[PDB]
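Chemist: Would you mind keeping the following structure in view while I ask a few things?
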Amino acid sequence: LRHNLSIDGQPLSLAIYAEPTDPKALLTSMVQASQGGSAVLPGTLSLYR
Amino acid sequence: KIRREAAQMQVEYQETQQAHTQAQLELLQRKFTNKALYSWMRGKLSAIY
């Protein structure tokens, strides 16, 4: 009587389902980087044409 | 109840399926030859061509 059950202890009020929050999806993206050139070496002038 | 357990472990099987398909997607995006490289390809080739 105190816990509001039946004669055999079965609950008189149906327990709520408590539907979960459920998982979510994941995402990824691209990443870039930048660089410069190398020092220009003075070409040793040959004799050819 | 053993049938219920089998169904639940089927659920976790397909959940692992989704997990490693997402892993496949992310590693494919993390591969070396990718969209940034191919955009470099197309842009440089277009201009210089």
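Every chain in the structure tokens takes a letter, A first, then B, and so on in the order presented; its residues are numbered from 1, and the ligands are numbered from 1 following the presented order.
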List as JSON lines every residue of chain B that is in contact with chain A, defined as an atom at most 10 Å from one of its atoms (using only C-alpha atoms), together with the nearest atom pair and the distance in Å rounded to one decimal, sorted by chain and then rising number.
Modeler:
```
{"residue": "B:22", "atom": "CA", "partner": "A:26", "partner_atom": "CA", "distance": 8.4}
{"residue": "B:25", "atom": "CA", "partner": "A:28", "partner_atom": "CA", "distance": 9.3}
{"residue": "B:26", "atom": "CA", "partner": "A:28", "partner_atom": "CA", "distance": 7.0}
{"residue": "B:29", "atom": "CA", "partner": "A:30", "partner_atom": "CA", "distance": 7.7}
{"residue": "B:30", "atom": "CA", "partner": "A:30", "partner_atom": "CA", "distance": 8.4}
{"residue": "B:34", "atom": "CA", "partner": "A:30", "partner_atom": "CA", "distance": 9.4}
{"residue": "B:35", "atom": "CA", "partner": "A:30", "partner_atom": "CA", "distance": 8.5}
{"residue": "B:36", "atom": "CA", "partner": "A:32", "partner_atom": "CA", "distance": 7.5}
{"residue": "B:37", "atom": "CA", "partner": "A:32", "partner_atom": "CA", "distance": 9.9}
```
